[PDB]
Student: 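The structure is given below, and queries will be raised subsequently.
Chain naming here is simple, since letters A, B, ... match the order of the sequence lines and numbering starts at 1 in each.
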Amino acid sequence: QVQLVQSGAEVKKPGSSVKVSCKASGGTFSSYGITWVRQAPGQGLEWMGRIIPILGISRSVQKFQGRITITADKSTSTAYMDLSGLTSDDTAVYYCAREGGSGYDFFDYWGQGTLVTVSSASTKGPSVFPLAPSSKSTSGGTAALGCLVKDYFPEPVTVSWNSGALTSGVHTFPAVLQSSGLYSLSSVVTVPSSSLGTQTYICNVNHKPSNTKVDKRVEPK
Amino acid sequence: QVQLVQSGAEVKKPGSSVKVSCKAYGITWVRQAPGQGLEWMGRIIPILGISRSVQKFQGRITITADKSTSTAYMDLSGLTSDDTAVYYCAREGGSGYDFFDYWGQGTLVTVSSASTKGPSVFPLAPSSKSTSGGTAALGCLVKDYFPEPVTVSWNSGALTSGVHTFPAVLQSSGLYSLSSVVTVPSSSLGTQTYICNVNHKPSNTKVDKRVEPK
Amino acid sequence: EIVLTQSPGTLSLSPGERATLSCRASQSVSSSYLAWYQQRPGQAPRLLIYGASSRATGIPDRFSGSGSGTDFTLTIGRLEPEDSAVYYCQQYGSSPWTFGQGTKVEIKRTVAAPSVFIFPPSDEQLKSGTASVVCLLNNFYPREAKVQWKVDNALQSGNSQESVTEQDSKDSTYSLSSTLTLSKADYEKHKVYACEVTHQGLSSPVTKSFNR
Amino acid sequence: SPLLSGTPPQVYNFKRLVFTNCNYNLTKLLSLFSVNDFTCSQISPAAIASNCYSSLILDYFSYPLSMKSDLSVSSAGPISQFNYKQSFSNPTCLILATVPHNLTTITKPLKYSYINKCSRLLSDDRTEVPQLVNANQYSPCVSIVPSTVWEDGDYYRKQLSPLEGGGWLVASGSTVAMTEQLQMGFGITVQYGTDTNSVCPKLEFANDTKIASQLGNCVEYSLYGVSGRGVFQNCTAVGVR
C-alpha cells in the first residue's frame with residue numbers, strides 16, 4: 001500500500017506552464033505506472049496520460065497531444081505533469097492514480113487531487129465574517145456558531161473547525177459564485193457546551209494562494 | 001481551561017452500580033468520606049485508554065474514559081453502606097505531575113436500604129419583631145427530607161448574597177432538615193416576595209412559596 | 001502508602017499574622033513531591049502549591065511551599081477572612097498517593113454581638129406537618145454561642161437541635177439556627193416561646209417573646 | 001565484553017552492538033547465557049552458526065520468557081509495535097536466554113518494563129493518532145519514558161514545537177514482575193554483501209593447517225597471499241627476519 005499525495009491547488013494564467021506534482025510518502029516507487037485523470041466540475045473523469053518511472057515510457061491521450069509533458073523521476077520517486085498553453089476551459093481538478101499493467105489498467109489508489117484554475121482576473125485573500133452565534137438555541141442539546149469565509153476569488157480555501165478539524169457536528173457548504181468574481185462558502189459547528197467550549201479560540205482557515213492562517217475567538221452574543 | 005461538571009447526586013441501594021458521570025489530559029476520581037480526608041480511587045486517561053485503581057478499591061470499580069465520548073464514567077458495584085461519600089472528579093497532569101488543577105463540583109452517593117422522602121417546605125413565619133427599616137428577617141424552612149442535598153435559593157438563585165444557608169443536622173428521626181433565611185431592605189413585603197425555589201435531586205420535586213409579613 | 005502527620009487543625013489567627021502548617025511524613029518521600037489543596041466550606045479543593053516549590057497559576061503567592069524529604073511547611077505571609085479554609089498536603093511520591101489529614105484555619109477580626117430573631121409558626125403547618133418552634137442567632141461569632149429554649153416562661157429540657165453555619169468568606173461570622181420540635185396537638189397551655197443566648201457579645205442572656 | 005558490562009536495558013531502550021570486520025563465534029555467546037528459546041526467520045539456526053556475512057548486527061535487552069509471543073513482527077501485540085522492531089528483509093535470528101547463577105558482573109534491572117502504547121495527537125482537542133515504532137530506531141517515544149517505567153500504569157505527555165508539528169506526543173508505560181534469574185532477549189540482523197563478506201566464523205585458517213609438523217612432506221602452501229606446492233624443512237635463520 002503506497003499513500004499518494006499531490007501538490008497544493010494552483011491558480012495559473014492561460015498560456016502559462018503549470019506543473020502538478022504527485023509524490024509517494026517515504027520516497028518509495030515500486031514497478032507501478034503513474035497515470036493522470038482529469039475531472040471537469042460536474043463532469044465525467046477523463047484519462048490524460050500514463051508514465052512509468054521504472055522504464056521512463058510516456059503515453060498521452062489524443063486530445064491532449066503536444067501540450068502535455070509528463071515526467072517521472074525514479075530516484076526522486078516524484079511524478080510531475082506539465083501543461084503548456086492550456087485553454088481557460090482546461091480548468092479541472094487533476095488526480096494521479098496507480099497503474100497495474102497492460103491487462104490490468106485499473107487505478108487501485110488515487111491522489112488527493114489538485115485544482116488548476118485558468119482565469120486572467122485577480123486573486124483575493126479570504127475575508128472571515130462575524131460568527132454571530134444565535135442568541136436563542138437548545139438548552140445544552142446544541143449551540144449553533146459559525147465563522148463565515150466570504151469574498152475569496154480562488155478555490156479551494158480549506159476552513160477547519162476547532163483549528164484541528166472536528167469530525168463531530170461539522171458542516172461545510174460548497175462555494176457558490178457571487179455576482180462579483182470572488183465566491184463564498186459556509187462553515188458551521190454545533191457545540192453541546194452552552195458557553196466558552198473546550199477552546200475559546202478556534203476557526204483555523206487556510207488558503208493555498210494567500211498562504212495565510214487566521215484563528216478567531218467565538219463570543220456568545 | 002476545561003470546565004469540569006459532575007452528574008446530580010444519586011441515592012442507591014447497597015449492591016447497586018452507581019455510574020457517576022464527569023462531563024467535559026487524564027481524569028482522576030477521589031472519594032471523600034464526610035468529615036474525613038480525601039482518598040484517591042483511580043486514574044483513567046481518555047486519550048491513552050489506560051485504567052488505574054487504588055488497592056482498596058480493586059475489582060469492585062470499573063472506570064471507563066473515552067476521548068470520542070469526552071465524558072469519564074465510574075461504575076461502583078457491590079459497594080458497602082459505609083462507602084457513602086461525596087465523589088469528586090479531578091483533572092490529572094500525568095505520572096510525572098500527579099497534581100489536580102481543576103476539580104468537579106462533586107456527586108453525593110448515599111447507600112441505605114430505607115425510604116426516600118420528597119422535600120416539605122414549612123411556613124416562613126417571618127419574625128413579628130425585627131429591625132423596623134434596616135432589615136426584615138424572613139426564611140422558608142425545608143424539613144422532613146430523607147436524602148441530601150436539597151438546594152434552596154432566594155430569587156430563583158438570582159440572590160447569591162444576603163442569604164444564610166445552614167447545614168442539615170441529624171435529629172432523633174432519620175429524616176433531617178436544613179435552614180435558609182434572607183434579609184430584605186424593605187421590611188413591609190418589598191417589591192417581590194415570590195421566591196424560595198427548592199430543588200431536590202433524588203425526589204425531583206420543586207416547591208415555590210410567597211412570603212407574607214404577619 | 002505513606003502515613004503523614006498533620007498540624008493539630010483549628011487555630012485562631014489574627015489578620016496580618018503569618019500562619020505555619022506542618023506536614024511531617026512517617027516514611028521517606030521525594031524532596032520536592034508534595035501538593036497543597038485549599039477547600040472553602042462547601043467548595044471543591046483547589047491546588048495551591050505543586051511540588052512544594054512553586055505556586056499554581058491563578059493562586060496567590062502569600063502561600064509559600066517550604067521544607068523537603070520529611071517535613072513540608074506551608075507559610076502564609078498575610079491572613080484575610082477569605083484565607084479561612086481546610087488545607088490538605090498530598091504526597092504523590094508513593095502510590096497510592098495519600099492526602100493529608102487536613103487543617104482547619106479560622107480568622108478572627110473582632111467579636112460580634114449576636115442578633116436574635118424568633119419565628120412564630122403559621123397555621124398552614126397546623127393543617128399538615130408539625131408547626132414546631134424556630135430561633136435564629138444571626139452573626140453570633142465566635143462559634144461558642146449557646147441557646148436554651150424557654151416554654152411558657154418555664155425551664156425546658158435541652159432536647160432542641162441547633163445548626164451553626166461556617167464563617168462566610170468575606171463576613172467571617174457564624175450564624176446559628178436552633179429549632180425546638182413540639183407536638184402539633186400539644187399547643188394549649190404554653191403561650192410564650194423564647195430562646196436565651198449566652199455569648200461574649202451583648203450585655204446579658206438576651207431572651208425573647210412569642211405570645212401571638 | 002561490552003554486552004556483559006553494566007545492566008541490560010529495557011526492550012524499548014535496547015542497546016545496539018554492530019560487528020563489521022571480525023571473526024565471530026556463536027558458541028562463545030551461547031556459553032555465556034543458557035538459551036531458553038531459539039528461533040530464526042529467513043535462515044536456519046544451524047546455518048547462522050557457521051556462515052560469512054558482510055556485517056553482523058546484535059541488539060541486547062532484558063526480555064522475560066512469558067511475553068516472547070507478543071514481541072513478533074507477525075504478532076499484532078503492543079510490545080512489538082511500540083518497543084523493538086526487527087527488519088523483515090534481512091534474515092533475523094531471535095534468541096531468548098536466561099543468565100546462569102555461575103555468571104557474575106551482570107547487574108539486574110528492578111523489573112522488566114515496556115512501552116504499553118505510543119501515540120501523537122494530530123489535533124490536541126479531539127484527535128489522537130497511534131504511532132508504530134519504525135524498525136529499530138531506539139523508540140521515538142522513548143524520550144518521554146524513563147529508562148525503567150516507575151509504575152505498572154503510567155501516563156507520559158509532552159508537546160512538540162509548533163511549525164512543526166505543535167502536536168502533543170503521549171506515551172504509556174507498563175511493567176512485569178522481575179524473574180529470580182535475569183532473562184535477556186537478543187535480536188540478530190545479519191545482511192549479506194553481493195561480492196564481499198567482511199565478518200566470517202572463527203577461524204579463517206585452521207590450527208591443524210600449519211607449517212609445523214608438516215616438515216618433510218610435500219604440501220600445498222598459502223602463506224600471506226603466496227600460494228605454491230613445496231616441502232618445508234626447519235633450518236638456521238637466513239636473510240632479514
Side-chain angles (χ1 to χ4, degrees), chain A residues 164 166-168 198, chain B residues 2 4 20-30 40-54 57-58 61-75 89-102 104, chain C residues 92 95-97, chain D residues 10-13 67 70 76-83 111-125 127-133 139-160 165-176:
Chain A
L166 176 69
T167 314
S168 304
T198 62
Chain B
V2 37
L4 227 45
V20 171
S21 163
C22 190
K23 211 189 68 61
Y25 266 109
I27 303 294
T28 241
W29 296 80
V30 181
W40 169 78
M41 308 178 70
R43 165 209 63 113
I44 44 164
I45 291 83
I47 342 278
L48 219 40
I50 197 177
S51 178
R52 175 118 70 91
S53 295
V54 66
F57 290 88
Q58 256 172 3
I61 173 187
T62 53
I63 10 187
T64 55
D66 184 27
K67 180 191 180 56
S68 177
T69 306
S70 91
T71 313
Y73 301 99
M74 64 112 64
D75 215 6
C89 48
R91 200 183 65 175
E92 241 283 342
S95 68
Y97 323 104
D98 322 277
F99 48 76
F100 328 119
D101 297 344
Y102 299 124
Chain C
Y92 43 97
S95 63
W97 321 312
Chain D
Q10 298 304 327
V11 48
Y12 57 88
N13 248 337
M67 47 185 59
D70 307 345
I79 321 186
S80 60
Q81 297 171 341
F82 308 112
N83 292 260
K111 73 223 81 61
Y112 315 98
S113 71
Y114 69 92
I115 297 185
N116 203 14
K117 193 183 185 309
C118 166
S119 38
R120 210 220 84 171
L121 281 100
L122 187 298
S123 302
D124 171 41
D125 62 0
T127 307
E128 171 255 347
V129 178
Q131 311 295 143
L132 302 177
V133 72
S139 177
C141 262
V142 89
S143 57
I144 356 175
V145 188
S147 180
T148 164
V149 178
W150 175 239
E151 290 294 328
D152 195 14
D154 258 349
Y155 174 38
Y156 308 111
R157 56 153 199 165
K158 65 161 297 301
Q159 189 179 5
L160 260 311
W168 284 82
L169 176 65
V170 49
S172 178
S174 280
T175 69
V176 74

Student: List the residues meeting ring-ring contact (aromatic ring centres under 6.0 Å, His included) with C/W97, not counting sequence neighbours, and say none if there are none.
Tutor: B/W40
Student: For the CD1 atom of B/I44 and the CZ atom of B/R52, what is their distance to the nearest 0.5 Å?
Tutor: 12.5 Å
Student: Keeping B/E92 on the side-chain end and B/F100 on the backbone end, is there a donor-acceptor pair under 3.5 Å?
Tutor: no
Student: If we count only N and O atoms by modelled type, under 3.5 Å, do the side chains of D/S143 and D/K158 hold a donor and an acceptor together?
Tutor: no
Student: Counting C-beta onward and ignoring hydrogens, is there a side-chain heavy-atom pair between D/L169 and D/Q159 closer than 4.5 Å?
Tutor: no
Student: Is the closest side-chain heavy-atom distance between D/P130 and D/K117 below 4.5 Å?
Tutor: yes
Student: Would you verify whether the NZ or CZ of D/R157 falls within 45 degrees of the ring axis of B/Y25 while also being under 6.0 Å from that six-membered ring's centre?
Tutor: yes
Student: Between B/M41 and B/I61, is the side chain to side chain contact (heavy atoms under 4.5 Å, CB included) condition met? List the steps.
Tutor: CA-CA 9 Å; B/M41 308 178 70; B/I61 173 187; 4.1 Å; yes
Student: To check you understand the geometry: which heavy-atom pair defines the closest contact between B/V2 and B/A24, and what is its length?
Tutor: CG2-C, 4.1 Å
Student: Working note: D/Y114 + D/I79, criterion side chain to side chain contact (heavy atoms under 4.5 Å, CB included); need CA distance, chi angles, decisive distance, verdict.
Tutor: CA-CA 7 Å; D/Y114 69 92; D/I79 321 186; 3.8 Å; yes
Student: Roughly how far apart are D/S172 OG and B/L48 CG, rounded to 0.5 Å?
Tutor: 4.5 Å
Student: Do you know which two heavy atoms are closest between D/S123 and A/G164, and how far apart they sit?
Tutor: OG-O, 2.9 Å
Student: Heavy atoms only: give me the nearest D/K111-D/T148 pair and the separation to one decimal.
Tutor: NZ-OG1, 3.2 Å
Student: In Å, rounded to the nearest 0.5 Å, how long is the span from CG of D/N116 to CG of D/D152?
Tutor: 8.5 Å
Student: Check whether any side-chain heavy atom of D/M67 lies under 4.5 Å from a side-chain heavy atom of D/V176, and answer yes or no.
Tutor: yes
Student: Atom OH of D/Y112 and atom CD of D/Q10: how far apart are they, to the nearest 0.5 Å?
Tutor: 9.0 Å
Student: Quick one: does B/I45's side chain get under 4.5 Å of B/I50's, heavy atoms only?
Tutor: yes
Student: For B/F99, check ring-ring contact (aromatic ring centres under 6.0 Å, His included) against everything at least two apart and list the hits.
Tutor: C/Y50
Student: Which heavy atom of D/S119 sits nearest to which heavy atom of D/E128, and what is that distance?
Tutor: CB-OE2, 3.4 Å
Student: Please examine the side chains of B/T28 and B/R91, heavy atoms only from C-beta on, and report whether any two atoms are closer than 4.5 Å.
Tutor: no
Student: After noting the C-alpha distance and the side-chain angles of B/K67 and D/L121, does the key distance pass the side chain to side chain contact (heavy atoms under 4.5 Å, CB included) rule?
Tutor: CA-CA 11 Å; B/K67 180 191 180 56; D/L121 281 100; 3.5 Å; yes
Student: Any luck finding a side-chain donor-acceptor pair between B/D75 and B/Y73 under 3.5 Å?
Tutor: no
Student: Heavy atoms only: give me the nearest D/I115-D/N83 pair and the separation to one decimal.
Tutor: N-OD1, 2.8 Å
Student: What's the verdict on side-chain hydrogen bond (donor to acceptor under 3.5 Å, both in side chains) for D/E151 and C/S95, showing C-alpha distance, side-chain angles and the deciding distance?
Tutor: CA-CA 9 Å; D/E151 290 294 328; C/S95 63; 3.0 Å; yes
Student: Can you find a heavy atom in the side chain of D/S139 that is under 4.5 Å from one in the side chain of D/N13?
Tutor: no
Student: Within this structure, what is the OG1-CG distance for the pair A/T198 and A/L166, rounded to the nearest 0.5 Å?
Tutor: 8.0 Å
Student: Would you indicate whether the side-chain heavy atoms of B/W29 and B/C22 approach each other to under 4.5 Å?
Tutor: yes
Student: Compare every heavy atom of D/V149 with every heavy atom of D/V145, then report the nearest pair and how far apart it is.
Tutor: CG1-CG2, 3.9 Å
Student: With a 4.5 Å limit on heavy-atom distance, are the side chains of D/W150 and B/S95 in contact?
Tutor: no
Student: Please enumerate all residues that pass side chain to side chain donor-acceptor pair (under 3.5 Å) together with D/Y12, with sequence neighbours excluded.
Tutor: D/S113
Student: Measuring from B/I63:CD1 to B/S51:OG, what's the distance to the nearest 0.5 Å?
Tutor: 4.0 Å
